[PDB]
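In the form deposited in one PDB entry, a lone chain appears below as structure tokens.
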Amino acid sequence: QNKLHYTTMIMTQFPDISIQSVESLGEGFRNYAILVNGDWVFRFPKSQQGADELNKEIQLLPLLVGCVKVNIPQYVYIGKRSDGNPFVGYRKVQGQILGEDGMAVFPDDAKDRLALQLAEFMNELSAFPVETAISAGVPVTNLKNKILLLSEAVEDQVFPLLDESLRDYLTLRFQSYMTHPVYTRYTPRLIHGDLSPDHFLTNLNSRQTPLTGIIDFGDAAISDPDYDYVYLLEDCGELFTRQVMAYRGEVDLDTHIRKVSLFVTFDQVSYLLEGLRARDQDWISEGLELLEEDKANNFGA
């Protein structure tokens, strides 16, 4: 709940942590993170889903450290809340959070170095033995069926709010994904699942390695490795994404970019659809704003 309340969980379960400073650090849909002594992130689930995602994270992350070059959270304290659900403490992953708006004014030379690090990172995930991840509780995402269910729920619940031009737009997008076997055929791989620049920790005092780490593995799953590109396209732009894909040895950039483009559209609409289900009056006038612009950005595809 409030600050003394999180503080008190730590003191009781970890009384040898001498607490000198406590601050809010960050917050998402699944978690609330504070910073203790400028050193230690304690991250508390906000819901059952959060708690379930952390559980997977708890099992997955100790397996990824040795196989991933950048820093990732390492859960050094593991607490239990009244409900049996966990919370975790970890050494802050050092550096500055990139964010969307901040990739723009990221130094050009560092930018290219970043793309290559991101490429080896994703390569490293795509190399992690899939059945090993599954045994550690990483869910298998049936992306084909999932997108299908999405098409209907958008038909049913989103269409009534859209003008004709926008409805036609989604039909074609969903159709395009489903009609072309190339887009839908893929080898399932471990992905991060929430690979956006608000989880990139950066450092301009490193010319060789301006990417210091990556956080929030809550959405880690077995799926289409192309899905890990979705926020790179949305937040970092298309030129940056072609760079990463090229560094990953992707022969057909155009095919794979168009495919990721669709993934974006499906995310923008799965967003609204969720705001819809949740009665949120502006997680609705927002989800609509981004659909119109997703339509805009794809001006003639």
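Numbers follow the displayed sequence, beginning with 1.
Beyond the structure shown, there is the form solved in complex with a small molecule, which is absent from this document and is the topic of what follows.
The partner is absent here; in the deposited bound form, the one residue of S206, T141, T171, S196 having a heavy atom within 4.5 Å of the small molecule is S196. Distance criterion of 4.5 Å from any heavy atom to the small molecule in the deposited bound form singles out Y231 from the list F121, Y231, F87, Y177.
The small molecule is not drawn, but in the deposited bound form it has a heavy atom within 4.5 Å of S270.
Not displayed here, the small molecule is kept clear of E292 by more than 4.5 Å at the level of heavy atoms in the deposited bound form. At a distance threshold of 4.5 angstroms between non-hydrogen atoms, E155 is out of contact with the small molecule in the deposited bound form. The stretch in contact with the small molecule in the deposited bound form, judged by heavy atoms within 4.5 Å, is 188-196, chosen from 113-121, 155-163, 188-196, 129-137.
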